[PDB]
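See structure below.
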Ligand SMILES: [Co+2]
Ligand code: NI
Ligand code: NI
Ligand code: NI
Ligand code: NI
Ligand SMILES: [Zn+2]
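In the numbering used here, the protein residues as written are 5 to 235.
In structure tokens, the structure reads:
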């Protein structure tokens with residue numbers, strides 16, 4: 005094969021014939037450089053983005069990479085929760101004229117989290133699945149709210165026609181020593197949420213997450229086990 009492509013300050017790794025993982029890095033004091041992962045999906049004739057990079061400039065570099073390597077318009081972008089690593093680059097999307105979507109609760113939280121709100125709000129049915137009327141032209145993206153975990157507003161996405169499911173920062177890999185930043189976490193409902201995500205995408209084999217390489221379903225089980233210790 006061919007190695008993961010370096011473009012600007014970013015790294016792109018193709019997970020499927022129409023799916024790529026974009027990675028951006030931010031220096032955290034004494035922690036070294038921290039990677040944050042999102043996704044890029046090619047649907048027929050347009051591109052779909054999941055999550056921004058840490059910053060606007062990094063997010064602009066993503067759009068440049070798409071123009072160079074895919075050359076299709078970015079129809080929309082969905083962000084998974086109101087934290088810098090997922091919504092830090094909203095202005096870059098808006099400057100490019102891209103319709104952005106986020107959980108309604110994420111947009112509510114954006115000001116207190118110091119984030120720019122998305123332009124459109126997603127609402128989810130009682131069973132967790134997004135109400136289609138609020139998510140037009142999402143194509144293969146299946147959006148699902150598993151409940152409060154990493155944050156109160158974290159959502160997850162599965163890509164129809166693939167074995168991929170993106171858990172975002174809700175899920176950690178199968179050997180993570182902790183659930184990381186629990187500043188805005190719901191310790192009570194966390195465990196139940198990770199298990200809901202797994203049940204929502206029962207056939208997904210490649211689990212993509214924010215802070216490590218794609219893992220198996222062992223990531224879901226392992227994350228839930230760690231979450232049980234919080235309640
Ligand atoms: Co900004
Ligand atoms: Ni609009
Ligand atoms: Ni409904
Ligand atoms: Ni409860
Ligand atoms: Ni384990
Ligand atoms: Zn977060």
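No residue lacks a Cβ here, since even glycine has one placed at the ideal position from N, Cα and C.
- Around the beta-carbon of residue 152, 16 or more other beta-carbon atoms lie within 10 Å, marking it buried.
- Two segments are said to touch when three or more pairs of C-beta atoms, one from each, lie closer than 8 angstroms; by this definition the region 166 to 182 touches the region 87 to 94.
- For residue 29, the enclosing beta strand (DSSP E) has its first and last residue at 23 to 32.
- With contacts defined as CB atoms closer than 8 angstroms, residue 178 and residue 228 fail to qualify as a contacting pair.
- When C-beta atoms of the region 45 to 60 are compared with those of the region 68 to 82, three or more pairs fall below 8 angstroms, so the two segments count as touching.
- Short note on residue 117: C-beta not closer than 7 angstroms to any heavy atom of ligand 4.
- Taking the C-beta atoms as reference points, residue 19 is found no nearer than 8 angstroms to residue 69.
- The shortest C-alpha to C-alpha distance from residue 162 to any of 149, 145, 156 and 120 is the one to 145.
- No heavy atom of ligand 2 is found nearer than 7 angstroms to the CB of residue 87.
- Nearest in C-alpha terms to residue 148, of all of 28, 8, 131 and 67, is 131.
- If you look at residue 213, you'll find it in the beta strand (DSSP E) that goes 210 to 213.
- No heavy atom of ligand 5 is found nearer than 7 angstroms to the CB of residue 197.
- In summary, residue 99 is exposed, with fewer than 16 beta-carbon neighbours lying within 10 Å of its beta-carbon over all protein chains present.
- As for any beta strand (DSSP E) of minimum length 3 sitting wholly inside the region 161 to 194, the runs are 168 to 172, ordered along the chain.
- Distance from the C-beta of residue 155 to the nearest heavy atom of ligand 6 is below 7 angstroms.
- The beta carbon of residue 114 sits closer than 6 angstroms to the beta carbons of 86 and 121 from its chain, once the five residues preceding and following it are set aside; these are given in chain order.
- Going by C-alpha positions, residue 129 is about 18 angstroms away from residue 196.
- Annotation: the continuous alpha helix (DSSP H) that includes residue 223 extends over 222 to 232.
- At the C-beta level, residue 40 and residue 215 come within 8 angstroms of one another.
- Where residue 68 is concerned, the enclosing alpha helix (DSSP H) starts and stops at 60 to 73.
- Of the residues 125, 137 and 160, the one whose Cα lies closest to the Cα of residue 203 is 160.
- Here the alpha carbons of residue 181 and residue 64 stand approximately 33 angstroms from one another.
- Checking the 7 angstroms criterion, the Cβ of residue 91 is out of range of every heavy atom belonging to ligand 1.
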